[PDB]
Amino acid sequence: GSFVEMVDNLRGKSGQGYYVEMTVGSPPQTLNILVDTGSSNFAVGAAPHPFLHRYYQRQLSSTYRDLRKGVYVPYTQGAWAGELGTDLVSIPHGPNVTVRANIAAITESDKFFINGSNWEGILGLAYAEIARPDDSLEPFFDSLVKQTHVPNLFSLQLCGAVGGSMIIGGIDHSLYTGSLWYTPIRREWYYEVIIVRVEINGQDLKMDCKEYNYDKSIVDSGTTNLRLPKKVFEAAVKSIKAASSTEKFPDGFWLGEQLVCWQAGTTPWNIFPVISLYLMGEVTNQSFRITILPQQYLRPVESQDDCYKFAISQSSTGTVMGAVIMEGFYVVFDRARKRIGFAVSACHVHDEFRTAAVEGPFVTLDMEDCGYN
Ligand SMILES: CC(=O)Nc1c(Cl)cc(CNC(=N)NC(=O)Cn2ccc3ccc(C#N)cc32)cc1Cl
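So, how was this worked out
Residues numbered from 1 in each chain as written, not as in the entry; some residues may be left out. Heavy atoms only, no water. Domains from an automatic or database assignment. Buried area = accessible area lost by both parts, 1.4 Å probe. Salt bridge = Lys/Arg side-chain N within 4 Å of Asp/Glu carboxyl O. Polar contact = N/O pair within 3.5 Å; in protein donor to acceptor, adjacent residues only side chain to side chain. Helix = DSSP H or I, 4+ residues; strand = E, 2+ residues; numbered from the N terminus. Nonpolar A, V, L, I, M, F, W, Y, C, P; charged D, E, K, R; others polar. Disulfide = S-S within 2.5 Å. UniProt positions renumbered as here; feature names shortened; annotations may be inferred. Buried < 20%, exposed > 50% of the residue type's maximum accessible area, 1.4 Å probe, protein only.

For this deposited structure, the header cites X-ray crystallography as the method used and 2.6360 Å as the resolution.

K.L.:
Any details on the domain arrangement of the protein? Residues and values, ideally.
P.N.:
We note that the domain assignment places domain 1 (18-150) and domain 2 (151-373) within the protein. A C-alpha centroid distance of 28 Å is found between domain 1 and domain 2. Across the domain 1 to domain 2 interface the summed buried area is about 2000 Å²; carbon plus sulfur atoms make up 64%. If you sort the residues of domain 1 by the area they bury against domain 2, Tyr18, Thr37 and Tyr127 come out on top, with a joint share of 41%. Between domain 1 and domain 2 we count 2 salt bridges in total. For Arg335, the salt bridge goes to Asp142, with nearest N and O atoms at 2.5 Å. Applying the counting rule to domain 1 against domain 2 returns 12 residue pairs in polar contact. Per-element tally for the side of domain 1 that touches domain 2: the top contributor is helix α1 (residues 140-147), with 4 residues. Its residues assigned to classes, the side of domain 1 that touches domain 2 comprises 13 nonpolar, 3 polar and 3 charged.

K.L.:
With reference to specific residues and values, describe the UniProt feature "disulfide bond" in the protein.
P.N.:
Judged by the 2.5 Å criterion, the UniProt-annotated disulfide of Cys159 with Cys347 is present, its S-S distance being 2.0 Å. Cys159 sits in the buried class, given a relative accessible area of 14%. With relative accessibility at 24%, the residue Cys347 sits in the partly exposed group. For the UniProt disulfide linking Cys261 with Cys307, the SG atoms sit 2.0 Å apart, under 2.5 Å and consistent with a formed bond. Judged by its relative accessible area of 38%, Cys261 falls in the partly exposed class.

Now the structure itself:
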């Protein structure tokens, strides 16, 4: 394939984010940057911190330009503050171009950096609307498209336990099997989609699709869990408990407050159900379903023991399809045609009885009502 040099450009530790090497400034400073499809700022640590091995040094970059403007980015648990500026940016194992991009130099932070994660910055891949301080601040990818020939499209293959590929400018066919199925992007801020139905072990959850998309549903690579709206989570957990009732688990396991460990080799994946999301398709009344295995939603925590954490958690900000979902699939963010594609990942962790799947088409009536306004 012609994108061979971008294959395998992602690394990471489990549950700690996938990162790509970027070089910034001149002479080259190379940094490990978190790949996040749920945000829109390019930001790098620019001061020493206990969790950072290296960081961006602006005074050593002759091409660094100061924007004389501070930036503050709050998240749910953490936050960071820093200074805005521009510099030359490249991705060594990505497309062969260099761009002048906005960089947020992070000079202070709370619970943002992860001990041992080996990354020191974040690459926001979503649209300008959700950028701090405001929309006038062109996100990295927008800058890439404007200044260069690179087609307005990228794709992600995150392989679970860690590594994967971020293909920029195209689609690499060795990364997936079967056909690609596309769902429209509802609005360009987050990568927003519409879930029209949810099944556990082929059994329908029987809720109004409005509930599945309450607030919004997004595809977000810098989040670990599949997060479901309060009511949907409650129902889903009932159904999963019922589907795996040949075994018993403490109530805190389903809330992620407890772990269960099996002896090495013996996890009974067979007792947990497959989970299915149906997404609106590209044609009236047409949908398709993506289906994930326990190997995706039970995550290992790093002896003689294998400990697992349930990785479906409740949300107050709608559905977030994080790495739990994405590690099953090759995902194509086709920004040029306002659509997102899913195909079975050539490298998804599976066993011999069941595999992740993307199947279609299905007929779902009145899908237009499922979105929130
Ligand atoms: C240690 C850690 O969690 N670091 C971290 C942090 Cl603080 C923020 C990010 C930002 N990227 C995200 N894709 N997502 C979030 O931060 C989660 N989050 C971001 C905004 C936000 C708002 C409401 C809720 C709820 N409920 C959750 C929210 C990435 C990482 Cl790795």
